[PDB]
Amino acid sequence: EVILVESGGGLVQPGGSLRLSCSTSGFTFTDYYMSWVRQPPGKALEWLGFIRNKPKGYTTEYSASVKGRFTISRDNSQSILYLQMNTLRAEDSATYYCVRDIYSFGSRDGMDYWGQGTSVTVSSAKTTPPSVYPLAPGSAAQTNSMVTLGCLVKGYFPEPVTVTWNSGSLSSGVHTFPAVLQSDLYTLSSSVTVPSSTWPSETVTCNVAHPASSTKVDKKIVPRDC
Amino acid sequence: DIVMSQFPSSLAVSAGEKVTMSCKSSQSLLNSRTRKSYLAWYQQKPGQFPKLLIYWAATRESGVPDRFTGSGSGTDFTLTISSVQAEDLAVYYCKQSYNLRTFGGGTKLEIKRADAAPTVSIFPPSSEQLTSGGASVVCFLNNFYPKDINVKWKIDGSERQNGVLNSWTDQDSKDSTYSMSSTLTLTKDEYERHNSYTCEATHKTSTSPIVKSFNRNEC
Ligand SMILES: N[C@H]1[C@@H](OP(=O)(O)O)O[C@H](CO[C@@H]2O[C@H](CO[C@]3(C(=O)O)C[C@@H](O[C@]4(C(=O)O)C[C@@H](O[C@]5(C(=O)O)C[C@@H](O)[C@@H](O)[C@@H]([C@H](O)CO)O5)[C@@H](O)[C@@H]([C@H](O)CO)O4)[C@@H](O)[C@@H]([C@H](O)CO)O3)[C@@H](OP(=O)(O)O)[C@H](O)[C@H]2N)[C@@H](O)[C@@H]1O
Ligand SMILES: [Mg+2]
Ligand SMILES: [Mg+2]
Ligand SMILES: [Mg+2]
């Protein structure tokens with residue numbers, strides 16, 4: 001199984017620099033060209049550059065957009081790909097993807113494997129951890145059967161924040177709304193719906209993660225809101 | 001360099017229908033020796049990473065459903081999806097690999113489905129938030145369609161349109177419905193000098209709004 005995992009993302013001040021890493025496993029790293037592709041929130045994918053494979057001598061090439069500012073390198077003994085990003089500016093804020101490219105021209109083509117990507121935000125604003133508030137129904141049941149609960153994640157920076165419910169167990173029935181940036185701080189909420197015979201008799205917890213401030217919060221939803 | 005472009009920017013069809021989208025390059029992507037055109041198509045569902053669908057203009061990646069077909073050569077290409085399914089909701093990108101690599105701007109495929117009424121839930125501010133001096137009243141409007149929906153907030157019977165923020169989810173990949181949150185944020189002090197809090201949802205599916213509220217004094 002091919003595995004690509006990016007790390008290194010976070011908040012960088014304008015003019016700052018950052019080094020991203022991509023760990024790889026499951027294939028012979030040196031036989032492949034490797035590329036970096038980025039994507040600003042809500043925008044198109046953008047190819048940044050690649051580093052060729054062993055037969056081609058591992059030579060590098062870059063997009064005009066970052067050539068002279070970003071460089072790519074690879075550690076062939078550890079099978080790790082890097083992206084050195086210098087003199088950053090707002091426009092560089094994006095999710096950065098590590099991607100396996102071709103291994104030969106006549107065989108096939110296409111970027112067949114992609115990592116999950118790592119987010120980078122270029123801003124002068126301060127990293128701020130979130131406050132996680134549990135949202136339980138007010139003292140008013142009404143037509144029961146299914147119950148909806150939620151959790152409000154407020155006042156954090158930069159994006160993103162990851163929200164799961166029972167460590168992912170509660171997938172489906174879950175809706176996480178897009179964060180809204182206010183001033184220099186984001187707020188979002190998440191809702192989960194489960195049968196009333198599940199909650200509160202059984203536990204429901206929302207798990208929030210904010211990579212940038214290396215924070216992880218678990219908030220159990222306890223009855224008696226209002 | 002080569003400029004890649006796609007059209008239309010967005011398209012919408014119902015499940016079961018066929019769709020075609022186009023991609024164009026500034027220069028030919030055809031290699032006269034191999035006779036192939038170096039163009040690929042990628043699918044990126046909302047919130048996830050891109051997936052390779054087709055390469056060399058018309059070769060489908062093994063495992064990719066046969067509903068996806070790529071065609072074309074030189075500077076003009078197309079991606080066709082026969083019998084679109086709800087899960088096909090995504091942005092599709094073409095990319096040339098003739099000289100380094102360059103992506104087009106993408107075509108967003110939206111899904112049309114039957115109208116569905118929202119399920120509304122209201123939540124008073126948490127005791128936790130009150131300790132910080134703030135008070136957010138939240139209302140979730142889940143699993144509805146079409147996207148257009150109106151929320152009206154009322155405090156003690158009066159309409160409140162200041163301090164309200166709405167946020168919509170992307171279309172659902174399984175049922176093509178939308179969900180939205182409406183949040184009214186006040187200071188703890190103002191929140192505590194009022195009693196009734198109501199959110200009213202007006203959607204195409206009904207002439208009468210769906211109202212949810214609590215009294216705070218009955219908390
Ligand atoms: N170092 C290479 C060089 O040796 P040389 O310096 O002694 O010439 O070239 C030989 C191959 O023989 C020569 O072939 C060229 C014509 O080359 C092409 C074609 O017809 O266009 C393409 C050649 O491609 C590859 C290779 O397989 O050899 C891979 C290419 O791949 C990328 C890239 O990394 O550059 C990425 C890929 O996704 C795609 O973007 C591709 C691009 O579309 C190609 O234009 O580029 C690239 O690495 C090229 C390299 O740049 C070539 O210099 O090599 C290859 O398939 C060859 C066939 O092997 C030919 O039979 O065809 C001839 O040019 P001419 O003007 O047409 O005459 C040249 O005269 C030949 N000597 C290579 O093996 C060696 O490693
Ligand atoms: Mg590009
Ligand atoms: Mg070179
Ligand atoms: Mg298109």
# chains A, B, ... in the order shown; residues from 1 in each chain; ligands from 1

$ interface_residues --of "chain A" --to "chain B" --cutoff "8 Å" --atoms "only C-alpha atoms" --output "ChimeraX atom specification"
/A:44-47,49,61,108-117,133-140,148,175-180,189,191,225-226

$ write_last_selection --atoms "N, CA and C atoms" --output "CSV table (one decimal), in the first residue's frame"
chain,number,residue,atom,x,y,z
A,44,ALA,N,-8.0,26.5,-7.4
A,44,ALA,CA,-7.5,25.4,-8.2
A,44,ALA,C,-6.2,24.8,-7.7
A,45,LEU,N,-5.9,23.6,-8.2
A,45,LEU,CA,-4.6,23.0,-7.9
A,45,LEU,C,-3.5,23.7,-8.7
A,46,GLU,N,-2.3,23.8,-8.1
A,46,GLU,CA,-1.2,24.4,-8.8
A,46,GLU,C,0.1,23.6,-8.7
A,47,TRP,N,0.6,23.2,-9.8
A,47,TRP,CA,1.9,22.4,-9.8
A,47,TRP,C,3.0,23.3,-9.5
A,49,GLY,N,6.5,22.0,-8.8
A,49,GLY,CA,7.8,21.5,-9.3
A,49,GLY,C,7.9,20.0,-9.0
A,61,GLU,N,13.0,20.7,-11.3
A,61,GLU,CA,12.5,21.7,-12.2
A,61,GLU,C,11.3,22.4,-11.4
A,108,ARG,N,3.2,4.8,-18.5
A,108,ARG,CA,1.9,5.3,-18.1
A,108,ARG,C,2.2,6.8,-17.7
A,109,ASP,N,1.2,7.5,-17.2
A,109,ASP,CA,1.4,8.9,-16.8
A,109,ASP,C,0.4,9.2,-15.7
A,110,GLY,N,0.5,10.4,-15.1
A,110,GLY,CA,-0.4,10.8,-14.1
A,110,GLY,C,0.2,10.7,-12.7
A,111,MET,N,-0.4,11.5,-11.8
A,111,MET,CA,0.0,11.6,-10.4
A,111,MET,C,-1.0,10.6,-9.8
A,112,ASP,N,-0.6,9.4,-9.6
A,112,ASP,CA,-1.4,8.3,-9.1
A,112,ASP,C,-1.7,8.3,-7.6
A,113,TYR,N,-0.7,8.8,-6.8
A,113,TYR,CA,-0.9,8.8,-5.4
A,113,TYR,C,-0.7,10.2,-4.8
A,114,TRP,N,-1.5,10.6,-3.9
A,114,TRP,CA,-1.4,11.9,-3.2
A,114,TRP,C,-1.5,11.8,-1.7
A,115,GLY,N,-0.8,12.7,-1.0
A,115,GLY,CA,-0.9,12.6,0.5
A,115,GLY,C,-2.2,13.4,0.8
A,116,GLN,N,-2.5,13.5,2.1
A,116,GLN,CA,-3.6,14.2,2.6
A,116,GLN,C,-3.4,15.7,2.5
A,117,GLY,N,-2.1,16.1,2.4
A,117,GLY,CA,-1.7,17.5,2.4
A,117,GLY,C,-1.5,18.1,3.7
A,133,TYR,N,-17.1,24.6,22.9
A,133,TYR,CA,-18.3,24.6,23.7
A,133,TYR,C,-19.3,23.5,23.3
A,134,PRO,N,-19.7,22.7,24.3
A,134,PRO,CA,-20.7,21.6,24.0
A,134,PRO,C,-22.1,22.2,23.8
A,135,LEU,N,-22.8,21.7,22.8
A,135,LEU,CA,-24.2,22.2,22.6
A,135,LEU,C,-25.2,21.0,22.8
A,136,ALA,N,-25.8,21.1,23.9
A,136,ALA,CA,-26.8,20.1,24.2
A,136,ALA,C,-28.2,20.7,24.1
A,137,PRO,N,-29.2,19.9,23.9
A,137,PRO,CA,-30.6,20.5,23.7
A,137,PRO,C,-31.0,21.3,25.0
A,138,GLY,N,-31.8,22.3,24.8
A,138,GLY,CA,-32.2,23.1,25.9
A,138,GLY,C,-33.2,22.2,26.7
A,139,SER,N,-33.7,22.6,27.8
A,139,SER,CA,-34.7,21.8,28.6
A,139,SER,C,-36.0,21.9,27.8
A,140,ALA,N,-36.1,21.2,26.7
A,140,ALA,CA,-37.3,21.2,25.8
A,140,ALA,C,-37.1,20.1,24.8
A,148,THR,N,-30.2,15.8,18.1
A,148,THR,CA,-29.1,16.4,17.4
A,148,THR,C,-28.3,17.2,18.5
A,175,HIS,N,-22.3,16.8,10.5
A,175,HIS,CA,-22.2,17.9,9.6
A,175,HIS,C,-21.2,18.9,10.2
A,176,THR,N,-20.1,19.2,9.5
A,176,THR,CA,-19.2,20.2,10.1
A,176,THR,C,-19.2,21.4,9.1
A,177,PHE,N,-19.7,22.6,9.6
A,177,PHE,CA,-19.8,23.8,8.9
A,177,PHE,C,-18.4,24.5,8.6
A,178,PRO,N,-18.3,25.1,7.5
A,178,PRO,CA,-17.1,25.9,7.1
A,178,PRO,C,-16.8,27.0,8.1
A,179,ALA,N,-15.6,27.1,8.5
A,179,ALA,CA,-15.2,28.1,9.4
A,179,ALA,C,-15.4,29.5,8.9
A,180,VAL,N,-15.7,30.5,9.7
A,180,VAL,CA,-15.9,31.9,9.3
A,180,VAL,C,-14.8,32.7,10.0
A,189,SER,N,-18.8,25.3,13.7
A,189,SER,CA,-19.6,24.4,14.6
A,189,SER,C,-19.8,23.1,13.9
A,191,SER,N,-22.4,19.4,14.0
A,191,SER,CA,-23.6,18.8,14.5
A,191,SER,C,-23.5,17.3,14.3
A,225,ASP,N,-28.6,21.5,28.9
A,225,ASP,CA,-28.2,22.8,28.4
A,225,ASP,C,-29.5,23.7,28.6
A,226,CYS,N,-29.3,24.8,29.2
A,226,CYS,CA,-30.5,25.7,29.4
A,226,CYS,C,-31.4,24.9,30.4

$ residues_around --residues "residue 13 of chain B" --least-positions-apart "4" --cutoff "12 Å" --atoms "only C-alpha atoms" --output "PyMOL selection string"
chain B and resi 17-20+81-86+88-89+108-114+176

$ closest_residue --among "A:142, A:85, A:190, A:97" --to "residue 212 of chain B" --atoms "only C-alpha atoms"
A:142

$ select_by_dssp --residues "chain B" --states "helix (DSSP H, G or I)" --output "list in words"
residues 86, 87, 88, 127, 128, 129, 130, 188, 189, 190 and 191 of chain B

$ write_last_selection --atoms "N, CA, C and O atoms" --output "PDB file, in the first residue's frame"
ATOM      1  N   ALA B  86     -24.686  10.417  -7.354  1.00  0.00           N
ATOM      2  CA  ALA B  86     -24.562  11.425  -6.306  1.00  0.00           C
ATOM      3  C   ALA B  86     -23.121  11.618  -5.864  1.00  0.00           C
ATOM      4  O   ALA B  86     -22.682  12.735  -5.642  1.00  0.00           O
ATOM      5  N   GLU B  87     -22.391  10.523  -5.721  1.00  0.00           N
ATOM      6  CA  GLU B  87     -21.012  10.611  -5.259  1.00  0.00           C
ATOM      7  C   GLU B  87     -20.043  11.242  -6.263  1.00  0.00           C
ATOM      8  O   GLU B  87     -18.886  11.503  -5.920  1.00  0.00           O
ATOM      9  N   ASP B  88     -20.512  11.492  -7.489  1.00  0.00           N
ATOM     10  CA  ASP B  88     -19.666  12.108  -8.521  1.00  0.00           C
ATOM     11  C   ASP B  88     -19.514  13.615  -8.286  1.00  0.00           C
ATOM     12  O   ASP B  88     -18.792  14.300  -9.028  1.00  0.00           O
ATOM     13  N   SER B 127     -23.049  26.881  29.192  1.00  0.00           N
ATOM     14  CA  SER B 127     -22.657  27.558  30.434  1.00  0.00           C
ATOM     15  C   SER B 127     -21.187  27.918  30.318  1.00  0.00           C
ATOM     16  O   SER B 127     -20.738  28.938  30.842  1.00  0.00           O
ATOM     17  N   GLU B 128     -20.426  27.069  29.631  1.00  0.00           N
ATOM     18  CA  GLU B 128     -19.007  27.329  29.438  1.00  0.00           C
ATOM     19  C   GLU B 128     -18.785  28.664  28.746  1.00  0.00           C
ATOM     20  O   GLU B 128     -18.019  29.493  29.228  1.00  0.00           O
ATOM     21  N   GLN B 129     -19.458  28.887  27.619  1.00  0.00           N
ATOM     22  CA  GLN B 129     -19.275  30.146  26.913  1.00  0.00           C
ATOM     23  C   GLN B 129     -19.674  31.334  27.791  1.00  0.00           C
ATOM     24  O   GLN B 129     -19.025  32.363  27.774  1.00  0.00           O
ATOM     25  N   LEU B 130     -20.743  31.195  28.563  1.00  0.00           N
ATOM     26  CA  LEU B 130     -21.162  32.289  29.435  1.00  0.00           C
ATOM     27  C   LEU B 130     -20.021  32.735  30.379  1.00  0.00           C
ATOM     28  O   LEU B 130     -19.893  33.924  30.704  1.00  0.00           O
ATOM     29  N   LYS B 188     -22.872  38.172  27.144  1.00  0.00           N
ATOM     30  CA  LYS B 188     -23.639  37.487  28.171  1.00  0.00           C
ATOM     31  C   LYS B 188     -24.677  38.439  28.765  1.00  0.00           C
ATOM     32  O   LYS B 188     -25.818  38.054  28.979  1.00  0.00           O
ATOM     33  N   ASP B 189     -24.271  39.682  29.019  1.00  0.00           N
ATOM     34  CA  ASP B 189     -25.173  40.682  29.584  1.00  0.00           C
ATOM     35  C   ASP B 189     -26.427  40.914  28.751  1.00  0.00           C
ATOM     36  O   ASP B 189     -27.535  40.917  29.287  1.00  0.00           O
ATOM     37  N   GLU B 190     -26.271  41.128  27.448  1.00  0.00           N
ATOM     38  CA  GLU B 190     -27.458  41.331  26.624  1.00  0.00           C
ATOM     39  C   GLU B 190     -28.303  40.064  26.583  1.00  0.00           C
ATOM     40  O   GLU B 190     -29.534  40.124  26.644  1.00  0.00           O
ATOM     41  N   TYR B 191     -27.644  38.913  26.482  1.00  0.00           N
ATOM     42  CA  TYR B 191     -28.360  37.645  26.442  1.00  0.00           C
ATOM     43  C   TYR B 191     -29.208  37.480  27.687  1.00  0.00           C
ATOM     44  O   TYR B 191     -30.334  36.987  27.630  1.00  0.00           O
TER      45      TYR B 191
END

$ residues_around --residues "segment 210-219 of chain A" --least-positions-apart "2" --cutoff "7 Å" --atoms "only C-alpha atoms" --output "PyMOL selection string"
chain A and resi 10-11+127-129+134+158+160-162+205-208+221

$ write_last_selection --atoms "N, CA and C atoms" --output "compact mmCIF listing (two decimals), in the first residue's frame"
# COMPACT_ATOMS: atom_id res chain seq x y z
N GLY A 10 1.89 24.95 9.00
CA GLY A 10 1.61 25.75 10.18
C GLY A 10 1.50 27.20 9.79
N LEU A 11 1.59 28.08 10.78
CA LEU A 11 1.50 29.52 10.54
C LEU A 11 2.89 30.11 10.37
N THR A 127 -1.12 32.99 16.49
CA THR A 127 -1.69 31.66 16.65
C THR A 127 -2.52 31.74 17.91
N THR A 128 -3.77 31.32 17.82
CA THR A 128 -4.66 31.37 18.96
C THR A 128 -5.42 30.06 19.08
N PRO A 129 -5.35 29.42 20.25
CA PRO A 129 -6.05 28.15 20.45
C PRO A 129 -7.56 28.35 20.52
N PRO A 134 -19.73 22.69 24.25
CA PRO A 134 -20.69 21.62 23.98
C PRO A 134 -22.10 22.15 23.83
N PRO A 158 -4.44 29.79 13.19
CA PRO A 158 -5.10 29.89 11.88
C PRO A 158 -5.97 28.66 11.65
N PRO A 160 -6.44 25.07 9.83
CA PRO A 160 -7.74 24.43 10.07
C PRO A 160 -7.86 23.84 11.47
N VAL A 161 -9.07 23.39 11.76
CA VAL A 161 -9.41 22.73 13.00
C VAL A 161 -10.06 21.44 12.51
N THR A 162 -9.80 20.32 13.17
CA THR A 162 -10.41 19.06 12.78
C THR A 162 -11.41 18.64 13.86
N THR A 205 -18.95 12.43 22.47
CA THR A 205 -17.89 13.42 22.70
C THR A 205 -17.41 14.03 21.40
N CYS A 206 -17.22 15.35 21.34
CA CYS A 206 -16.71 15.90 20.10
C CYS A 206 -15.21 16.11 20.31
N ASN A 207 -14.42 15.66 19.34
CA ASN A 207 -12.97 15.76 19.40
C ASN A 207 -12.51 16.86 18.47
N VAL A 208 -11.83 17.85 19.03
CA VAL A 208 -11.35 18.96 18.22
C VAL A 208 -9.83 18.99 18.24
N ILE A 221 -20.64 15.68 25.57
CA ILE A 221 -21.89 16.44 25.56
C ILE A 221 -22.75 15.94 26.72

$ closest_residue --among "A:9, A:52, A:17, A:34" --to "ligand 3" --atoms "only C-alpha atoms and all ligand atoms"
A:52

$ closest_residue --among "A:37, A:141, A:51, A:94" --to "ligand 3" --atoms "only C-alpha atoms and all ligand atoms"
A:51

$ atom_distance --atom1 "atom CA of residue 10 of chain B" --atom2 "atom 1 (Mg, counted along the ligand's line) of ligand 4"
8.5 Å

$ residues_around --residues "residue 50 of chain A" --least-positions-apart "3" --cutoff "8 Å" --atoms "only C-alpha atoms" --output "PyMOL selection string"
chain A and resi 33-36+60-62+72

$ closest_atom_pairs --of "chain B" --to "ligand 4" --cutoff "6 Å" --atoms "only C-alpha atoms and all ligand atoms" --output "tab-separated table"
residue	atom	partner	partner_atom_place_in_ligand_line	distance
B:6	CA	ligand 4	1 (Mg)	4.3
B:7	CA	ligand 4	1 (Mg)	5.1
B:21	CA	ligand 4	1 (Mg)	4.2
B:22	CA	ligand 4	1 (Mg)	4.1
B:23	CA	ligand 4	1 (Mg)	5.0
B:106	CA	ligand 4	1 (Mg)	5.9
B:107	CA	ligand 4	1 (Mg)	4.7

$ write_last_selection --atoms "C-alpha atoms" --output "short mmCIF file (atom, residue, chain, number, x, y, z; two decimals), in the first residue's frame"
data_model
loop_
_atom_site.label_atom_id
_atom_site.label_comp_id
_atom_site.auth_asym_id
_atom_site.auth_seq_id
_atom_site.Cartn_x
_atom_site.Cartn_y
_atom_site.Cartn_z
CA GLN B 6 -11.71 24.38 -18.69
CA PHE B 7 -15.33 25.16 -19.46
CA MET B 21 -16.98 19.08 -19.74
CA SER B 22 -14.11 20.53 -21.74
CA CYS B 23 -10.43 21.32 -21.40
CA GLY B 106 -11.48 23.09 -12.79
CA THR B 107 -15.18 22.39 -13.52
#

$ closest_residue --among "A:118, A:145, A:73, A:104" --to "residue 195 of chain A" --atoms "only C-alpha atoms"
A:145

$ residues_around --residues "residue 146 of chain B" --least-positions-apart "5" --cutoff "8 Å" --atoms "only C-alpha atoms" --output "CSV table (one decimal) with N, CA, C and O atoms, in the first residue's frame"
chain,number,residue,atom,x,y,z
B,115,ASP,N,-36.7,18.4,-4.0
B,115,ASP,CA,-36.7,19.4,-2.9
B,115,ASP,C,-36.9,18.6,-1.6
B,115,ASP,O,-37.5,17.5,-1.6
B,116,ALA,N,-36.3,19.1,-0.5
B,116,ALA,CA,-36.4,18.4,0.8
B,116,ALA,C,-36.4,19.5,1.9
B,116,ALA,O,-35.5,20.4,1.9
B,177,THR,N,-27.9,16.7,-0.4
B,177,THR,CA,-28.6,17.8,0.3
B,177,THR,C,-27.6,18.7,1.0
B,177,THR,O,-26.4,18.4,1.0
B,178,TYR,N,-28.1,19.8,1.4
B,178,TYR,CA,-27.2,20.8,2.1
B,178,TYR,C,-27.6,20.9,3.5
B,178,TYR,O,-28.7,20.5,4.0
B,204,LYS,N,-38.3,27.0,0.4
B,204,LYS,CA,-39.2,26.7,-0.7
B,204,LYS,C,-40.2,25.6,-0.5
B,204,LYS,O,-41.3,25.6,-0.9

$ select_by_dssp --residues "segment 18-173 of chain A" --states "strand (DSSP E or B)" --output "ChimeraX atom specification"
/A:18-25,34-39,46-51,60-62,67,70-75,80-85,94-100,113-114,118-122,128,131-135,146-157,162-164

$ closest_residue --among "B:205, B:155, B:70, B:45" --to "residue 171 of chain B" --atoms "only C-alpha atoms"
B:45

$ closest_residue --among "B:186, B:141, B:195, B:131" --to "residue 156 of chain B" --atoms "only C-alpha atoms"
B:195
